[PDB]
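Step one of this worksheet: look at the structure below.
Read-outs throughout are calculated quantities, based only on the coordinates presented, and are distinct from any laboratory measurement. For neighbour counting, all protein chains shown are included, and Cβ atoms are generated from backbone atoms with ideal geometry for every residue, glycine included.
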Amino acid sequence: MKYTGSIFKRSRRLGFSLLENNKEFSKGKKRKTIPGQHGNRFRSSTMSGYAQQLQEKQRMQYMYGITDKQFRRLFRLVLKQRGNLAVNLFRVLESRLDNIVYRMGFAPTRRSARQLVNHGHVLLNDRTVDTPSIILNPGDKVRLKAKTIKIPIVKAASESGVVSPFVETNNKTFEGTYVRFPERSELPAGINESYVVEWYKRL
Amino acid sequence: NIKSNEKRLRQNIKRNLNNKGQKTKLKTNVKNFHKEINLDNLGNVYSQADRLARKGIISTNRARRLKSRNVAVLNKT
Amino acid sequence: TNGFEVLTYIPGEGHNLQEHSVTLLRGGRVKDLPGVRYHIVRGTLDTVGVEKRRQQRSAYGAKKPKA
Amino acid sequence: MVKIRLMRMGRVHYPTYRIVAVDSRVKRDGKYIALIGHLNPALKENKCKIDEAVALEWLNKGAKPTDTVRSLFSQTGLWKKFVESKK
RNA sequence: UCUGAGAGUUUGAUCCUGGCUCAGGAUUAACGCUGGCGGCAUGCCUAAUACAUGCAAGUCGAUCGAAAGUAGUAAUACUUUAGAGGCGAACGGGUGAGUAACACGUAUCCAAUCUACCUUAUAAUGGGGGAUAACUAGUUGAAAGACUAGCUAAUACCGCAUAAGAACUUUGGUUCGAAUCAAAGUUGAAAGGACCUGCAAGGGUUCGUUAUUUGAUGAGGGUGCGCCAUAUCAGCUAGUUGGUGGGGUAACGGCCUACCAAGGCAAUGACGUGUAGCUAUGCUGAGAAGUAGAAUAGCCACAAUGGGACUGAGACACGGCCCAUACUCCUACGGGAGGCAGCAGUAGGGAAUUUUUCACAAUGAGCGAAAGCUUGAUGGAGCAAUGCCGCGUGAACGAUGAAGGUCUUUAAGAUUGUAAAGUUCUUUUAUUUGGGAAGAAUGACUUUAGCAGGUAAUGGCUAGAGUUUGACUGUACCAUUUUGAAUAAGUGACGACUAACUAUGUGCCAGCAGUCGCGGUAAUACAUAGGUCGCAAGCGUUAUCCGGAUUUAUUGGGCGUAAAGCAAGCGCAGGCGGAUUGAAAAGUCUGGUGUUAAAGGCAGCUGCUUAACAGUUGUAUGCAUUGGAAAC
């Protein structure tokens, strides 16, 4: 399946906010213990390299909404080119169309943004899209199709949106652009991408 | 069986008979040249070979080889 | 299906061996039984899978129970 | 007779022909002697570039074009550089 | 400039030797469970087992006569060819039984070859003869037919005339057996159809014929090197070895033949055994390379089995012929017919591998001047989760936290859990409407307009014009098109290796297990429940290949006590071997040339909404030959 059941449990065990900072921000007296009946005390007793490496892997791919095989394909494709490993891999993961829609701030959550992308609400470079795995390059222009703006969920995000310097947008015209590659310190750093990148000896 | 094979079965038989008739007269002329040797007989042999050399009954290289081996025995003198 | 004769261990809770019942075979070693080196695919032509099976439901040939 | 024919090298629904200098007694998409450009008869507007180097040699030492090859030999001007150099 | 991960397991405990197993990928996979869509690829590996059934290469009247039919009073004109004749049938499809060898890869020479349609260019396309299909009549059988006698025309056959040059020999001289010249002798060549013109005479155009001169092309022959195991295979071979004369063959040749001699191959593995289509490549590996020869492509072999040969230029012919063998089928007992390893399909086997599906729309092939015809090649559609990739099963808000479940042990609470209930939003897909491609910016077709070889005209070339040609297919796709969260999740594990833990039951019993090992009344290993995590339209198990495995150690292992130095000696062959000087130069090194098919691999790029995928360009490697060098 490409969709997950519960999202706060993921942040519970992974210990990483799937949201910006509100994943465990005392929502209904939010907690940080591991889920299930056995959250009492499993603090750190079998912390192995393999365990924590799986931890960073799931952290890396849960906040992106990906699954295993396509992530493996992404890793292979980014390994095909020349450069540094982790930062190029993160660039490819930030070249996802739905992730760029989220960074546009046009939708409150990546799930809503992904549904809007799939349902044809998103038009890219004067071309409609239906594949959330398109690879965006620097200097690529985006719009909101100039259609289906009459959505209560898209508005309050559209006016209230964090314009990161690596992608610029125009609120009223609903136009965006992928100008420069996001930097390591620009995005959340609760993910140690190194343990992920050398967790793959697959090739 | 397909129609366009037994038609060829008819055509081949008559030319088979004709070519056999030509081959045997080539052969008897060649025997005539062995039993007696002269320019006239072997000239008939050359002409008779060239008759088939026009067509594909005898291979042309066979015709030239045989007439060469006949001029070879002409060269006894 | 050829001329070979082999010992074979049954899986699961109970079985349906019927003394000249046509079966189907499966590899796999068993440490407890020397000589025996095979298992029956349970859920096959004749040997009916063990009922009242709900954990992993693939071995012992049990279909998905009605919810 | 060595014939200049078409070779459907491509996925389903997308023919993409490399023009081929192949003998008559050879099946489709088989081995050949020399290569003659290629073709994508779905993209229009001069998506049909040809080498023009060894094709004229083939025509000058025996070659037989086909109707779809007649088309390509027409626009590029092979005829006006072939039938006059023939004389 | 490329790149090298480990771990568990013998012990009371340790180090080492050492074997097993796991952590990674891959499949022509299958089985259990579950299963929504899209795109791409692939789909008997067992029985080269036997097949019900339907279709798979035919074409041509501008070749012939004649037949049938239509308009016509007739003359005549038109449509089809049963047959004769031209080409095609030898390509294209399928399979890998056989074959361990010039079969294949690869480099070569054929002073040893040939090659129709295709290509440069030349001479002529004259005149006769004799025949036969069909038809008729008869015999004869239900028919298949067969046979008997007459009739015909041709681009069917056969003589005759002259051969530009050929073909072969005769003679003379040329060059480093080849090739060319000169003269002589012998010898062989057609076919005409359609059309224009021409009162005619005759001239010409298109299609056709033979002989010629280059080629392209294809096939064949030979050699180098490489291309399995086996000595629990020591001799093998008598056309075998070599020569002579002849024949034969596209050509060389014991290939055969008449004569002579006994030779030849063999430890560097002959002969034999079993195995197997070879190669590119796929999977793995960093690599040396291990491994299967999937789809596909080059080469090879085969067509129920075994032989033979015609014809054809090309077959010893997959749906040609004869014969024999075995099997089957039909019948009017008189006789016949067949060879699904072509596309579908059936039977059997197997665990297992699909529609008795459409169209020449495109490529193509074949014929036909041309219309056009055939194509189960091909292009398409159906099926299959078999594999790779993409998309869905919603989304935002929503709590001291609904209910139930489990635990806590109950009367606190926690898990489930923003998960839910609920309020709102959208519709790829679900389901309507309308529009609706590209593929067919091709081509044939002939009027036009011109050019150009040659004329009186005719025909090609170049540009346009048009009607034109879609199974795919109202197809994908597009269009604020209708409605609607509605139309979509399972799967394996939870003791460690290796992320994931509690309760109930069972109590050496049922059972689990890749390894260690779990349970004889508190089991985190058995069965279930709850919960958790690993993948997910696939997940697991089994089977096979490589890796880890340096566990065959060339790179890259050891032989005292762990497996391993023969009991010792004499020693042929072989392997290795002091110093110095010269030469040659096999190895060795480097320079040039040729060659090493495409696809695939690598990299870039292009185009698919993007990967899956399709395409472009570049990219190695080895060998032969040639110029050098001269340490070893």
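Legend: P(r) of the stretch A:93-184 from all alpha carbon pair distances, 5 Å bins from 0, whole percents, reading 3, 15, 30, 30, 17, 4, 1, 0.
Residues D:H13, A:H38, ranked from the fewest to the most other C-beta atoms within 10 Å, line up as D:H13, A:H38. When its C-alpha radius of gyration is set against 2.2 N^0.38 Å (N residues), the protein assembly as shown gives a value of 1.88. In percent, rounded to a whole number, the relative contact order of chain C is 30, using alpha-carbon pairs under 8 Å and six or more apart.
So which of B:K7/B:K55; A:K57/A:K201; D:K47/D:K87; A:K80/A:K145; A:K9/A:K29; C:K31/C:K66 end up more than 25 Å apart by C-alpha? Going by Cα-Cα distance, D:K47/D:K87; A:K80/A:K145; C:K31/C:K66 fall outside the 25 Å limit.
Summary of the geometry: chain B and the stretch A:164-203, compared by the centres of their Cα atoms, lie 91 Å apart.
Roughly how many debye, to the nearest 20, is the charge dipole of the stretch D:1-76 about its Cα centre, given +1 on each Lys and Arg Cβ, -1 on each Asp and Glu Cβ, and no other charges? Roughly 340 debye for the stretch D:1-76.
The GluC sites (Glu not before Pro) of the stretch A:89-194 meeting both criteria, a DSSP state outside H, G, I, E and B (loop) and at most 16 other C-beta atoms within 10 angstrom of the site's C-beta, are A:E183.
Rounded to whole Å, give me the distance from the Cα center of the stretch D:61-87 to that of the stretch A:107-128. Rounded to whole Å, the Cα centres lie 53 Å apart. Relative to the Cα centre, the charge distribution of chain B, modelled as +1 at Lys and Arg Cβ and -1 at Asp and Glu Cβ, gives a dipole magnitude of about 440 debye. Remark: chain A carries a charge dipole of roughly 820 debye about the Cα centre, counting +1 on each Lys and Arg Cβ and -1 on each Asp and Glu Cβ. Ordered from longest to shortest, the equivalent ellipsoid semi-axes for chain D are 21, 17, 9 Å, each the square root of 5 times a Cα gyration tensor eigenvalue. When A:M60, D:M7, A:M47 are arranged by Cβ crowding within 10 Å, least crowded first, meaning fewest neighbours, the order is A:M47, D:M7, A:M60.
Relative to the 2.2 N^0.38 Å rule of thumb, the stretch A:141-194 has a C-alpha radius of gyration ratio of 1.39. Think of chain B as a dipole: +1 on every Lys or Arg Cβ, -1 on every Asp or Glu Cβ, centred on the Cα centre; then among B:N5, B:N41, B:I58, B:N5 lies furthest on the positive end.
Projecting the alpha carbon convex hull of chain B along each direction and taking the average yields 6.0 nm². Backbone amide hydrogens, once placed in the peptide plane, bring D:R5 within less than 5 Å of D:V20, D:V22, excluding anything fewer than 5 places away on its chain. From the P(r) of chain A, can you give the percent of Cα pairs sitting at distances over 23 Å? Result for the distance tail: 50 percent. For chain C, a Kirkwood hydrodynamic radius built from all Cα pairs, placed in the Stokes-Einstein relation at 37 °C and 0.692 mPa s, yields a translational diffusion coefficient of 253 µm²/s. Taking other Cβ atoms within 10 Å as a rough exposure proxy, D:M1, A:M104 sort from fewest to most as D:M1, A:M104.
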